[PDB]
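Below, chain A is the first sequence line, B the second, and so on; all start at residue 1.
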Amino acid sequence: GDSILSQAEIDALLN
Amino acid sequence: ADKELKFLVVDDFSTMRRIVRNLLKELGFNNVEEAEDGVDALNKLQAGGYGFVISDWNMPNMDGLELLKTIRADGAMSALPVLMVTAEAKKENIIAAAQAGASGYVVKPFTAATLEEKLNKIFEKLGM
Ligand SMILES: [Mg+2]
């Protein structure tokens, strides 16, 4: 699913 | 947070490494080494002494994910904080990276502010 995420979303699924 | 912490900045693009190096300097970190790709990074990491790795995702010979997996599987490098710095931001990567154990993820271009934030949360989550 080639979907570009926002920095805000990356922080949400990372940690 | 020891401003003496040796960083290995990995990116196949010189200008980007220069930018990162300088953003680190602006933040107080002057102990910065550069690598051109995953293999070159590993060749340098074996020499021990590195305390943080900032790695680009796309590089020839050995990309960021493979470098991260390689570091996490090596007994000696295993605990090395690794911050992925890529231009993209595909959901798959974020997932892969996290799965592989990336300490953090940042989308370039980024500011010293953003970097400082990320570095702080990682130094925190850990112990530095
Ligand atoms: Mg690259």
Can you confirm whether [X] is buried at [atom1], in the sense that more than 12 heavy atoms of other residues, nucleotides or ligands lie under 6.0 Å from that atom?
X         : atom1 : result
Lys125(B) : NZ    : no
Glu33(B)  : CD    : yes
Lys108(B) : NZ    : yes

Same apolar cluster (I L V M F W Y, side chains within < 4.5 Å links), [X]/[Y]:
X        : Y        : value
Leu23(B) : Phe52(B) : yes
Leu67(B) : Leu65(B) : yes
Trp57(B) : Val53(B) : yes

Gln7(A) versus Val106(B), closest heavy-atom pair with distance: OE1-CA, 4.1 Å
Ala89(B) versus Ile10(A), closest heavy-atom pair with distance: CB-CD1, 4.1 Å
Part of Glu88(B) within contact of chain A (heavy atom distance under 4.5 Å):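 Neither part.
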Interchain contact, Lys118(B) with chain A, by part (heavy-atom threshold 4.5 Å): side chain
From CG (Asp11(A)) to NZ (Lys121(B)), nearest 0.5 Å: 8.5 Å
Close side-chain approach of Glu9(A) to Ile94(B), heavy-atom, < 4.5 Å: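 They are not in side-chain contact.
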Backbone of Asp2(A) reached by a side-chain donor or acceptor of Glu92(B) within 3.5 Å: yes
